[PDB]
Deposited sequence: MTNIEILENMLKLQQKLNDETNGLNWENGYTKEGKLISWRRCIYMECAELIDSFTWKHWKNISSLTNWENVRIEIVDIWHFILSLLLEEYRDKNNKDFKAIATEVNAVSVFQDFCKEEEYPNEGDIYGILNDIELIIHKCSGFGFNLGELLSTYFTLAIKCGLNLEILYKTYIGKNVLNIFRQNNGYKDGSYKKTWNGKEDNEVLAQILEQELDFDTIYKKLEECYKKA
């Protein structure tokens, strides 16, 4: 698959998931149940989850190491919401055009190369990069291009590349569907499965498996034992 094909595939997956979650024409700003959609708030709330994957608190668990497994999950959650904002921001949707525009972001090319492992000395800078995303998404707006650039730069610093993002995205997209199919809206969903959060179980599954439908089935099996 070309870089643009990978991006088109994620956009198409995001569209389908949003359509199923929110109803058609969620792009107009509300779900079918009348709830306001704020993709920017979604993003800065995942940014808070991302920050909490690091030992940023000066008063709590100060010798603990970075949770890099969760870092990757939160980077992927952010991406779901950025894809959503791309689709919202814009009858006939041209996914290839959108993909082509994302592909032209200067740092995207760098994102497509092999990932580098981060280390403790990178955390200060990573936290400041996340803070910039929070700032951009909490104001008036807002520039979608600067957001993409800042996002890919952050994702590189966090040890992701397009490959890791894509494969993890697919898995989380499946879990997102699973959640909606199992009581996420009405509060009946159990997010902890025999002591592990669903994201952690998904990560275990992803160590082996990439196939969309196989992932769903495996989630189903594990959730029976939740």
Would you mind checking the deposited sequence against the model and listing the stretches with no C-alpha coordinates? 91-93
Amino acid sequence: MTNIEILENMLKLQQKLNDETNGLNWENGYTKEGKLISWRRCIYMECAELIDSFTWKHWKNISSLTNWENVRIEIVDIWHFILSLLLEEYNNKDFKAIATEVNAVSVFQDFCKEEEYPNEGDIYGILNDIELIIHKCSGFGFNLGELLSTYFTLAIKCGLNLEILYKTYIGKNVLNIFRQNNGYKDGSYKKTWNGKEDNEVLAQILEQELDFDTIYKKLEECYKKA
From here on, numbers count along this sequence of modelled residues.
Between 145-153 and 91-99, which has the larger average Cα B-factor in the PDB entry? 91-99
Among all modelled residues of this chain, ranked by Cα B factor, put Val71 in the bottom, middle or top third, i.e. lowest, middle or highest. lowest
Which third, lowest, middle or highest, does the CA B-factor of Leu65 fall in along this chain? highest
Name the third of the chain's ranked CA B-factors that contains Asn128, choosing lowest, middle or highest. middle
Using only modelled residues of the chain, where does the Cα B factor of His80 rank: lowest third, middle third or highest third? lowest
Consider only the C-alpha atoms of the modelled residues in this chain, order them by B-factor as the entry records it, and name the third containing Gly171: lowest, middle or highest. lowest
